[PDB]
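The next block holds one structure in the form of structure tokens; read it before the comments.
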Amino acid sequence: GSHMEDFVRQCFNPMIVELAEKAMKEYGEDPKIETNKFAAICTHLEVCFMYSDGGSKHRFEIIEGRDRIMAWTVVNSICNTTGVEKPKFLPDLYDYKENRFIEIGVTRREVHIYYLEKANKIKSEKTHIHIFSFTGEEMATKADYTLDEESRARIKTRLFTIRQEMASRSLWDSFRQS
Ligand SMILES: [Mn+2]
Ligand SMILES: [Mn+2]
């Protein structure tokens with residue numbers, strides 16, 4: 001009977017929450033028990049969807065959201081079609097304009113330690129990394145932020161509004177520490 005859950009349900013649009021429930025249950029975690037992961041997964045989802053919305057109509061292939069096996073199917077097809085090494089871990093998008101997988105991150109710490117953590121998690125150099133924070137800062141690999149400043153700004157505004165909403169419901173600190 002958690003209220004982080006009711007907040008996540010009133011804050012994100014129903015297809016985000018449906019996909020997040022799908023993705024957490026697929027990895028054996030309960031949205032109703034670990035509600036703060038739930039919130040994080042909706043946030044990651046929505047940020048990715050805004051990010052794909054940011055380019056031109058054919059620029060991005062979306063990997064997040066899909067079922068793990070079809071996600072790997074599309075990754076495989078992108079590899080065997082483009083000539084890019086199959087990433088060790090499932091990415092988030094593929095940039096046809098820039099010929100590279102994109103890994104998106106949303107951190108409640110700051111830019112840095114998350115960027116280094118993911119970069120050494122991947123450590124295969126090929127796939128692009130792009131992190132945002134709940135405080136408006138951002139970073140992509142090689143200072144190549146991929147999108148134009150206004151789309152990324154829209155993302156940051158959304159992230160800070162979510163932070164504000166959680167804080168006003170006093171859920172922000174608990175979300176921050178985990
Ligand atoms: Mn992912
Ligand atoms: Mn990601």
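FYI, nothing fancy with the structure tokens labels: chains A, B, ... in order, residues from 1 per chain, ligands from 1 as they appear.
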Listing only residues of region 60-111 of chain A within 10 Å of region 23-44 of chain A, what is the closest atom pair and its distance in Å (to one decimal) for each, using only C-alpha atoms, sorted by chain and residue number ascending, as CSV?
```
residue,atom,partner,partner_atom,distance
A:64,CA,A:44,CA,9.1
A:65,CA,A:23,CA,7.4
A:66,CA,A:23,CA,8.4
A:67,CA,A:23,CA,7.5
A:68,CA,A:26,CA,8.5
A:92,CA,A:44,CA,9.8
A:104,CA,A:44,CA,7.7
A:105,CA,A:44,CA,7.0
A:106,CA,A:44,CA,6.2
A:107,CA,A:40,CA,9.0
A:108,CA,A:40,CA,9.6
```
Fill in: Residue among A:47, A:62, A:90, A:131 lying closest to ligand 1, counting only C-alpha atoms and all ligand atoms
A:90
Discussion item. Which residues are near residue 137 (chain A)? Cut-off 12 Å, only C-alpha atoms, ignore same chain within fewer than 3 positions. Put them as a PyMOL selection string.
Written reply: chain A and resi 105-112+130-134+140+145+152-153+155-157+159-160
DSSP-assigned helix (DSSP H, G or I) among chain A, expressed as a short mmCIF file (atom, residue, chain, number, x, y, z; two decimals) with C-alpha atoms, in the first residue's frame:
```
data_model
loop_
_atom_site.label_atom_id
_atom_site.label_comp_id
_atom_site.auth_asym_id
_atom_site.auth_seq_id
_atom_site.Cartn_x
_atom_site.Cartn_y
_atom_site.Cartn_z
CA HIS A 3 2.30 6.04 -1.89
CA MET A 4 5.42 6.27 -4.01
CA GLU A 5 3.41 3.82 -6.13
CA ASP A 6 0.33 6.05 -6.37
CA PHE A 7 2.63 8.96 -7.22
CA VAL A 8 4.38 6.99 -9.96
CA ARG A 9 0.93 6.08 -11.29
CA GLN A 10 -0.29 9.69 -11.35
CA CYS A 11 2.99 11.16 -12.66
CA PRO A 14 -0.02 4.69 -18.29
CA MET A 15 2.06 3.09 -21.04
CA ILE A 16 5.30 4.07 -19.29
CA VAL A 17 4.10 2.39 -16.08
CA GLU A 18 2.82 -0.64 -17.99
CA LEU A 19 6.19 -1.09 -19.69
CA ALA A 20 8.00 -0.55 -16.38
CA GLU A 21 5.92 -3.21 -14.64
CA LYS A 22 6.64 -5.53 -17.57
CA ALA A 23 10.40 -4.88 -17.36
CA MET A 24 10.60 -5.26 -13.57
CA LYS A 25 8.49 -8.42 -13.42
CA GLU A 26 10.58 -9.88 -16.26
CA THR A 35 8.62 1.25 -5.43
CA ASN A 36 11.72 3.39 -5.80
CA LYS A 37 13.23 1.19 -8.48
CA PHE A 38 9.75 1.34 -10.08
CA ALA A 39 9.99 5.14 -10.13
CA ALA A 40 13.52 4.98 -11.53
CA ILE A 41 12.48 2.63 -14.34
CA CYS A 42 9.58 4.84 -15.38
CA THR A 43 11.96 7.81 -15.37
CA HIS A 44 14.55 5.99 -17.45
CA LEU A 45 11.83 4.86 -19.87
CA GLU A 46 10.37 8.35 -20.31
CA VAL A 47 13.81 9.93 -20.73
CA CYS A 48 14.63 7.40 -23.45
CA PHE A 49 11.35 8.06 -25.23
CA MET A 50 11.90 11.82 -25.16
CA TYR A 51 15.47 11.24 -26.38
CA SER A 52 14.26 9.19 -29.37
CA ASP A 53 11.58 11.86 -29.99
CA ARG A 68 14.63 -8.83 -23.63
CA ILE A 69 14.62 -11.42 -26.41
CA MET A 70 13.20 -9.13 -29.08
CA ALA A 71 15.53 -6.38 -27.86
CA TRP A 72 18.45 -8.71 -28.52
CA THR A 73 16.88 -9.65 -31.86
CA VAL A 74 16.86 -6.05 -33.04
CA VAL A 75 20.38 -5.52 -31.65
CA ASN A 76 21.52 -8.55 -33.62
CA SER A 77 19.90 -7.23 -36.79
CA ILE A 78 21.49 -3.82 -36.32
CA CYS A 79 24.86 -5.50 -35.85
CA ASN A 80 24.65 -7.89 -38.81
CA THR A 81 23.30 -4.99 -40.91
CA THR A 82 25.63 -2.13 -39.93
CA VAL A 111 26.97 12.98 -13.73
CA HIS A 112 30.50 11.63 -12.95
CA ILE A 113 30.39 8.53 -10.76
CA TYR A 114 27.45 7.19 -12.78
CA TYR A 115 29.25 7.89 -16.07
CA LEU A 116 32.38 6.08 -14.86
CA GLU A 117 30.36 3.18 -13.42
CA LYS A 118 28.54 2.56 -16.70
CA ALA A 119 31.66 3.18 -18.77
CA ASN A 120 33.62 0.49 -16.93
CA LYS A 121 30.56 -1.76 -16.88
CA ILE A 122 30.43 -1.60 -20.70
CA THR A 141 30.87 10.48 -24.34
CA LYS A 142 33.48 12.59 -26.19
CA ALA A 143 31.31 15.66 -25.41
CA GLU A 149 20.34 21.71 -26.87
CA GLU A 150 16.55 22.22 -26.68
CA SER A 151 15.55 18.55 -26.59
CA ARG A 152 18.08 17.83 -23.84
CA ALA A 153 16.81 20.93 -22.04
CA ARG A 154 13.26 19.58 -22.21
CA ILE A 155 14.55 16.34 -20.68
CA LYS A 156 16.29 18.19 -17.84
CA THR A 157 13.21 20.30 -17.13
CA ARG A 158 11.15 17.13 -16.89
CA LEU A 159 13.65 15.46 -14.54
CA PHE A 160 13.68 18.45 -12.23
CA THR A 161 9.88 18.64 -12.23
CA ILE A 162 9.74 14.98 -11.17
CA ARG A 163 12.25 15.71 -8.42
CA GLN A 164 10.11 18.64 -7.28
CA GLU A 165 6.98 16.49 -7.25
CA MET A 166 8.61 13.76 -5.17
CA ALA A 167 10.06 16.31 -2.75
CA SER A 168 6.66 17.95 -2.30
CA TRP A 172 12.50 12.64 -2.65
CA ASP A 173 15.10 11.88 0.01
CA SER A 174 14.28 8.16 0.12
CA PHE A 175 14.44 8.07 -3.68
CA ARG A 176 17.77 9.92 -3.53
CA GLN A 177 19.52 7.62 -1.08
#
```
Fill in: Nearest to ligand 1, chosen from A:60, A:129, A:13, A:95, with only C-alpha atoms and all ligand atoms counted in the distances
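Looking only at the distances to ligand 1, the closest residue turns out to be A:129.
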Worksheet entry | Interatomic distance, CA of residue 178 (chain A) to CA of residue 89 (chain A) (Å, one decimal) |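 Between CA of residue 178 (chain A) and CA of residue 89 (chain A) the gap is 22.9 Å.
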Discussion item. Here is a test: counting only C-alpha atoms and all ligand atoms, which residue of A:126, A:55, A:148, A:102 is nearest to ligand 2?
Written reply: A:102
Item to complete: Could you jot down the CA of residue 125 (chain A) to CA of residue 56 (chain A) separation for me, Å, one decimal place?
Response: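 According to the coordinates, CA of residue 125 (chain A) and CA of residue 56 (chain A) are separated by 25.3 Å.
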Worksheet item: Looking at A:171, A:147, A:139, A:63, which one is nearest to ligand 1, with distances taken over only C-alpha atoms and all ligand atoms?
Response: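 Closest residue, counting only C-alpha atoms and all ligand atoms: A:63.
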Discussion item. Here is a test: counting only C-alpha atoms and all ligand atoms, which residue of A:54, A:2, A:91, A:61 is nearest to ligand 1?
Written reply: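 Checking each candidate against ligand 1, we get A:91 as the closest.
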Item to complete: Measure the distance from CA of residue 86 (chain A) to CA of residue 128 (chain A) in Å and round it to one decimal.
Response: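 The value is 13.2 Å.
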